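Read the single chain below, which is given as C-alpha cells and is the form deposited in one PDB entry.
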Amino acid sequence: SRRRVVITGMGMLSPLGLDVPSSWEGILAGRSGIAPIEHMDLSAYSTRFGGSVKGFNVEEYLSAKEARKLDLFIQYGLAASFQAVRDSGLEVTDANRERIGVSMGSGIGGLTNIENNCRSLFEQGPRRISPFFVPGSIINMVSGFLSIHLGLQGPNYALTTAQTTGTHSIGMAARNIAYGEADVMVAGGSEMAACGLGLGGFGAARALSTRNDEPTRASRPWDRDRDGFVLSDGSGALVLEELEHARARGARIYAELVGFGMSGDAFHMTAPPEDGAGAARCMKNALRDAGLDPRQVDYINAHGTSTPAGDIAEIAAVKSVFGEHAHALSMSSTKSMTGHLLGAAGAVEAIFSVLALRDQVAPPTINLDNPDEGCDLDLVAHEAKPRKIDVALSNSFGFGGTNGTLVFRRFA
C-alpha cells in the first residue's frame, strides 16, 4: 500500500519568462524563446542561437556574495526551488523539517564555471582556480544550498540522467513520499550548457539545429525540415506533498502525480530505437504504476526534441502503447517554443502538463508546417487547443537510452 502525492507549488526560469505564469502565457501564445546568444563570441560555431533566460536577477534570491560562489545552473535551480516553496505556502518547522527533502538535478552541471576556471588554469596556472570551484559547480549543490537555506533535513540528493533528469527527479521524489520516507519534496532540474562547451560539444556531434537565419523556426518537432535540437537554459521545481498533509494545512493542489515509469532502451548511446520500444515500455510502466488503461490518457507532453530519429521514435511508441486511442489524445512538444533545457526539460514540461490540466488546454507544437511521413497524430500544430484533459503524460527519452514518464491526473 501507498500514499497519494499532489503538486502544491511550482517554480520556473525558462526562455519564455522568469516564473511559471509568464512562461505559461508564452506557451499558450505559441511564442518562441529562441534567439541568437549574446555577450559571447560564437563566430567559429555552427549554431549561434538557443533559449537564454532573459533578465534573471539572482539578487531576488541570494546576496551578491553567495551567488558569486555558484554556477548559473545552481542559481537557476535555487530560483525555481524558492519560487516553488513560496508558491506552496508551506511553513518549515522543527516538527516537520526532517520530513521535507530535495532532489533537484542537472544533466550536464557546471560547464560555465568549468570553462572560466579552465581559462584561469591554462593562462595563469592552478593558483588562480576559485576556492569555490568544486562546491560551486557540482550538481548536488542545488539540493545542498536549498536544504541549508530552508533548514530541510529530509532526503537530500540529486539525479543526473542527461535529458531525463527532471522527469526522474520528480518521479523518484514522488516515490519517497508515497513510501513514507518524506511528506514533502522539492524536485526538478536546472541547466545552463548554452556556453562554449555546450554549443561546441553538441555542435561537434552535429546534434544541433544550424538554422542561424531563422532561430525561432529552428525547433520544429515532427516537421520534415527539422535538423536537430535547440540548446536552452532554465529550471523547473515542484513542491510534491502527501495528500493528507496538503489537505490538513489547506494547500492549493494543482494536480495529483498518479504514475511514474522508468525504462532503458539498452540500444544506443545517443539514438533511440526506430520503433521507440523503450519509450513504449516506460509509458506502459507509468500507466500500470497509476492503475490506468491507455484509453484514459488525454494529453502527452512529448520529449519532441526536433531530432529526426527521436521525434519519429515517439510517434511509433505512442501508436504502439495507445492503439486505436493514439489519434484521440493530443500530443505536443513545448520544446517547439522553449527549446531543449536538457536536464531541466522534464521539470518545466511537468509544470506545463500540470497547467494543461488546470486550464484544460493542450499547448501547441509551433513550426509543424509539414508533418513528416507517419506524423499523422494530433500534434496540436501551430495553436493551443482547448479540450478535455483528465490524465496528462510527460515523457523524457535521453542519452544512454534512459526513459522517464510521469502521469498527472486532475484533483477535485
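The term rigid core refers to the maximal set of C-alpha atoms that superpose within 1.5 Å between the two forms. Residue positions are given as counts along the sequence shown, with the first one as 1.
Superposing on the core and measuring CA offsets in 9 other deposited structures of this protein, the stretch of 34-42 and 380-388 with the greater mean deviation is 34-42. Of the two stretches examined, 295-303 and 114-122, the record assigns the greater average C-alpha temperature factor to 114-122. Judged by mean Cα B factor in the deposited record, 380-388 ranks above the other of 353-361 and 380-388. Per the PDB record, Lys319 has a higher Cα B-factor than any other of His340, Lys319, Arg281, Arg99. Across the options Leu78, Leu159, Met172, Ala207, the residue with the most elevated CA B-factor in the record is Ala207.
Placement of the Cα temperature factor of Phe82 within the chain: lowest third of the modelled residues, per the deposited record. Among all modelled residues in this chain, the alpha-carbon of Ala345 has a temperature factor (C-alpha) in the lowest third. When the CA B factors of the chain's modelled residues are split into thirds, the value for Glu91 lands in the highest one. Ranked within its chain, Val5 lands in the middle third, by CA B factor from the PDB record. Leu62: CA B factor in the lowest third of modelled residues in this chain (values from the PDB entry).
Just so you know, the form deposited with a small molecule bound exists too; it's not on screen, but the next bit is about it.
Screening 346-354, 31-39, 54-62, 372-380 for residues having heavy atoms within 4.5 Å of the small molecule in the bound PDB entry returns a single hit, 54-62. For the three marked residues, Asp19, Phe82 and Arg86, a heavy atom of each sits within 4.5 Å of the small molecule in the bound PDB entry.
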